[PDB]
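In the form deposited in one PDB entry, a lone chain appears below as structure tokens.
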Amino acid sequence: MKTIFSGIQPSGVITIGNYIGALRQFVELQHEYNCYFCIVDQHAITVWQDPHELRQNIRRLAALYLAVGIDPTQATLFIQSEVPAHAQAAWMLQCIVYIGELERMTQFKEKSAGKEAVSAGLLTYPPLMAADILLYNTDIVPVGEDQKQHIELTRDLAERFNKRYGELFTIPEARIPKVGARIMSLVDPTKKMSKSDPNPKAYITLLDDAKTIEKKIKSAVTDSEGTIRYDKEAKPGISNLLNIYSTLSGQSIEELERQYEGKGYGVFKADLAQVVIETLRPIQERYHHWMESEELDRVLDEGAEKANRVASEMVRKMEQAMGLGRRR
């Protein structure tokens, strides 16, 4: 069967945006493909992370992967840094990527937008991501519409290495959901929801309690119209809320528009909070079970062992094509 790879950074607690855009689909995909799902801690430090907070966020992300239903016997779950090959292939790939290609990435221009001094990791993020994917001969990369351009560069890099040194890498293809590929911030409907947004009101984490989910949905930005109808350009806040309600409930935007005829932002909002709470409930319960067992560590040990087996062999192949080291 075909291979899948996808990573999420332990730069905070994952949000409903991360769930709807990616994680949710991992759960379905694990049965039809050979999957590698990564906790990308080396990507997380491209910006400051308190060390104690990072260690803790890494463990929570693993518990959340498993809590949503990723079966460790059907997929490989591992931590990026526990597989040295990622850093090794990242260096090889950054020797083939052009500076201009890196400088043109929208994520870089964005995240580096308005900053005086920025880490080089911010700029060199892409080649490490390309390595993450290419090491496993990945066919499909489920994301995450904001990740489209990175995957396009990954394809460019794979082809360049392939034509420069000889066919080695599989050319990966992105898989972006038709719905929910870009959930927006609750506080700024023109920006996507991000787990590292300095304003916690912008996102809902999978670990938010009921009272917190209620407040965040309550203060979500809308408009003075008072009409619950989908209009991304005119009513961006209300359209995003409609989108979340829809993908989480299984109801179409059309159906929700009708159900909410003659209402009523206050009631639409209160209902939505409960829908999100009911969704996270079973996830949170399973999360707590994982956080308190040694089983969590064993799954990660097993996953790194399998990932190291595959990646280190691709690194050997890469070194051989480039002429690094010695004949092995």
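Residue numbers run from 1 along the displayed sequence.
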Original post:
According to the deposited model, is the average Cα temperature factor higher in 35-43 or in 268-276?
Top reply: 268-276
Original post:
Between 203-211 and 171-179, which has the larger average Cα B-factor in the PDB entry?
Top reply: 171-179
Original post:
What's the residue among 197, 82, 254, 132 with the greatest CA temperature factor in the PDB record?
Top reply: 254
Original post:
Highest Cα B-factor in the PDB entry belongs to which of 112, 185, 73, 138?
Top reply: 112
Subject >> B-factor third for the C-alpha atom of residue 303 within its chain >> reply: lowest
**OP:** Comparing against every modelled residue in the chain, figure out the third that the C-alpha B-factor of residue 312 lands in (lowest, middle or highest).
**Re:** lowest
Subject >> Ranked C-alpha temperature factor of residue 223 among modelled chain residues, by third >> reply: highest
Subject >> Ranked C-alpha temperature factor of residue 324 among modelled chain residues, by third >> reply: lowest
**OP:** Ordered by C-alpha B-factor within the chain, which third holds residue 297? Give me lowest, middle or highest, please.
**Re:** lowest
